[PDB]
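Below sits a lone chain in structure tokens, taken as the form solved without the partner chain.
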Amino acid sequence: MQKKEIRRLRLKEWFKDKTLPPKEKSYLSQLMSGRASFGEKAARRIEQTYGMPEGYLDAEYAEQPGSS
């Protein structure tokens, strides 16, 4: 499973032109870094403060068949 790969790629894209608070920056950086934990509501918890759509991070690309 490479769900974390999708979560990081989408996360850095949003923050490409935006910025994040230091309290989360320590954690957000981990996601972008590629090393982080995922499996719980955490994917949607992030969108709660940012106001992003539910399961935005979930939207996969590479995981899809035919894409590596």
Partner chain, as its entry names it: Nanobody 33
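Residue numbers count along the first chain shown, from 1.
The same protein also has a form solved in complex with the partner chain, omitted here; what follows describes it.
Not displayed here, the partner chain is approached by residue 24 to within 4.5 Å at the level of heavy atoms in the bound PDB entry. In the bound PDB entry, the partner chain stays beyond 4.5 Å of every heavy atom belonging to residue 9.
Contact check for residue 60: every heavy atom lies farther than 4.5 Å from the partner chain in the bound PDB entry. Shown here without the partner chain, the chain has 47, 48, 49, 50, 51, 52, 53, 54 in 30-57 lying with a heavy atom within 4.5 Å of that partner in the bound PDB entry.
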